[PDB]
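Trainee: Quick one: this structure, given as structure tokens, is what I'll be asking you about.
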Ligand SMILES: OC[C@H]1O[C@@](CO)(OC[C@@]2(O[C@H]3O[C@H](CO)[C@@H](O)[C@H](O)[C@H]3O)O[C@H](CO)[C@@H](O)[C@@H]2O)[C@@H](O)[C@@H]1O
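Here is the structure:
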């Protein structure tokens, strides 16, 4: 009996002063002017803390050339890494992988620097390598056996990498491309997670739960097409490359198709599950914004209930509604910090579909492709509140003091 994000929940979704981030203004100069970057994740230790190699943090982004049309970046996404000594001033480390990477292009995942010093970069293999025309087949892959070397000058990630597919949908608990009714199926965004209570090793991902035709599982057959779910796999050995599929943590059946970049933050006794979702991926009769949605339980595989009653944790203002996306939450002392990327801004009133109308120059003019100002939020049980922001893409360590709040 999988925990459900229900239509009764989504009906309550509504922008409030506690969930709306300030307006994002473009940062004064870019770390890589030639490159657009989105969907970023942190190099973490096994426990989940941000990894530090000779005083450097490492982060990973999906990247495309800046001269490319924003709407098309997803077809040629390549994983680059960046490194920083403070958490503000990031240096471009270049592409992480030299070749032998799975899929026509790579989508978001996670990064593990294991106790043994071995590097695992989990990613989504979209399509198949050297395919004729672009396909939308997603499988959870890993580039294993990496090395992270750090001097006083910077960080280089050195090869060779052993690329292999880890998981594909079973067709019973997790929908395959064949079973996809309505929009394209999801099976992506593999996020590594060691449960600090059990010690057991898991891998979360975004999937869909298959719904048979005429299942009656919803109060209207078209609602059944919106079958988004947060899937999880287990490693009995704790080997980061050996996984068995488990039952999904949470489903948004009749509510939403895309429960994107799922991840868990554990805070005192409690498991907060966070997913980023779109306005256009909501089932008909429901109205929610592009935002970070969140749920809480007393255990990793517990009865998740939505934060703030509706599930909406954080969103953009009505007058800049696509300015950020692909938020990733992480603990810092008594605060929760949330890092998205700077998405589409200065649309005036145009919808995202309408941005494909405009001249190439006018399209690139309305896309950030940098890290958003990281949001500071305060959790209090099943309730959240925005407390303020930091500099663009500040990822601080727990050993660092943050500025005071108003
Ligand atoms: O797709 C690769 C990579 O991007 C992710 C998260 O950004 O999906 C993004 C997605 O939406 C993009 O395009 C929409 C407009 O349709 C825009 O509103 C949004 O800001 C963009 O991120 O792009 C694909 C399109 O098929 C969808 O999967 C998703 O809605 C993520 O899934 C992945 O790591």
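In the authors' numbering, the protein residues as written are 9 to 414. Here a beta-carbon is modelled for each residue, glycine too, at the ideal position from N, C-alpha and C.
1) According to DSSP, is residue 81 part of a helix, a strand, or is it coil?
2) Could you pull out every unbroken beta strand (DSSP E) segment of at least 3 residues lying fully inside the stretch 125 to 170, listed in chain order?
3) Is residue 47 close to ligand 1? I mean its beta-carbon at under 6 Å from any heavy atom of the ligand.
4) What is the DSSP secondary structure of residue 286, reduced to helix, strand or coil?
5) What residues in its chain sit with their C-beta under 7 Å from that of residue 311, if we drop five residues either side in the sequence?
6) Give a yes or no on whether the C-beta atoms belonging to residue 280 and residue 302 are separated by under 7 Å.
7) Residue 387 to residue 271, Cα distance in whole Å?
8) Identify whether residue 411 lies in helix, strand or coil by the three-state DSSP scheme.
9) Distance, Cα to Cα, residue 20 vs residue 317?
10) Would you mind working out which of 106, 104, 105 and 89 sits nearest residue 98, comparing C-alpha positions?
11) Just tell me which of 239, 59, 291 and 369 has its CA closest to the CA of residue 229.
12) For residue 55, which residues of its own chain have a beta-carbon under 7 Å away from its beta-carbon, when the five flanking residues on both sides are left out?
13) Assign residue 364 to buried or exposed, taking buried as 16 or more other Cβ atoms, counted over all protein chains shown, within 10 Å of its Cβ.
14) Quickly, what does DSSP pair residue 49 with across the bridge? List them, please.
15) Hey, could you find the ends of the alpha helix (DSSP H) residue 415 is sitting in?
16) Three-state secondary structure (DSSP) at residue 252?
17) Identify whether residue 197 lies in helix, strand or coil by the three-state DSSP scheme.
Mentor: In this structure, then:
1) helix
2) 127 to 134, 146 to 158 and 163 to 166
3) yes
4) coil
5) 11 and 305
6) yes
7) 16 Å
8) coil
9) 7 Å
10) 89
11) 291
12) 202 and 204
13) exposed
14) 68
15) A question about residue 415 goes unanswered here, because the residues of the chain that appear run from 9 up to 414.
16) strand
17) strand
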